[PDB]
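Residue numbers (PDB author numbering): 1 to 162. Inspection log for the structure reproduced underneath, given as structure tokens.
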Ligand SMILES: [Cl-]
Ligand SMILES: [Cl-]
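Here is the structure:
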């Protein structure tokens, strides 16, 4: 198991424009196209990301490319963020994946806002962090995915994904 397999599980794979849990236009493996309500605007964003006239449909390879870019970006975002970097540096490899997962889903800004949880993680207070993380809109809106991630922070192993 690794970050890619982990996210592929959490996000799934769709080759056609779709709406995410929040009702936003997305495609591939969790690749958000736009928060705007127009399907047109989404199609425009799609064509621009892929470099061609897609008509809202992409290939698996194209999806995978968008995915690698997105993973890369999340990592780099973590590394560039003053609040995140220190946490990420302090974690073991499996837990780092968990943090990356959160960033991929909610963005740098979003997770950097989990001040208290971040501190607990940094202190290696697993169980406490787990409870604090659960007190969130995130957990309440996407509970199954949140449990998976939370369990991964709590145990440091991949069992929630096996
Ligand atoms: Cl892009
Ligand atoms: Cl869920």
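Even for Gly, the Cβ is constructed at its ideal location relative to N, Cα and C.
*Express the C-alpha separation of residue 53 and residue 100 in angstroms, rounding to a whole number.*
In a straight line, the C-alpha of residue 100 is about 31 Å away from that of residue 53.
_Cβ shell of residue 55 (< 8 Å), same chain only, five flanking positions each side left out_ = Within its own chain, the residues whose Cβ lies closer than 8 Å to the Cβ of residue 55, once the five positions on either side in sequence are excluded, are 43, listed in chain order.
*Return the first residue and the last residue of the alpha helix (DSSP H) that residue 148 is part of.*
143 to 155
*Whose C-alpha, out of 90, 93, 159 and 110, is nearest the C-alpha of residue 138?*
Considering only alpha carbons, the answer is 110.
*At what residue ranges does the segment 52 to 119 contain a whole run of the alpha helix (DSSP H), taking only runs of 4 or more?*
As summarised for the segment 52 to 119, the continuous alpha helix (DSSP H) elements at least 4 residues long and confined to that stretch are 60 to 80, 85 to 90 and 93 to 112, given in chain order.
*beta strand (DSSP E) containing residue 16: first to last residue?*
14 to 19
*Run through DSSP, which three-state label would residue 27 get?*
In the structure shown, residue 27 sits in a strand (DSSP, three-state: E or B).
*Taking the alpha carbon of residue 176 as the point to measure from, which residue in 86, 148, 18 and 143 has its own alpha carbon closest?*
The chain is shown only over 1 to 162; residue 176 falls outside these bounds and no answer can be derived.
*Counted within 10 angstroms of its Cβ, other Cβ atoms place residue 116 as buried (16 or more) or exposed*: exposed
*Starting from the C-beta of residue 10, find all residues in its chain whose C-beta is less than 6 Å away, skip the five residues before and the five after it, and write them out in chain order.*
145
*asked:* What does DSSP give as the partner residue(s) for residue 33 in the beta ladder?
replied: Its beta-bridge partners do not exist; DSSP assigns none.
*asked:* Is it the case that the segment 10 to 20 contacts the segment 68 to 86, given that we only count it when at least three CB pairs across the two stretches are under 8 Å?
replied: No, they do not touch.
*Would the C-beta of residue 146 count as close to ligand 2, meaning under 8 Å from any of its heavy atoms?*
yes
*For the segment 69 to 78 and the segment 34 to 43, state whether three or more C-beta atom pairs, one from each stretch, are separated by less than 8 Å.*
no
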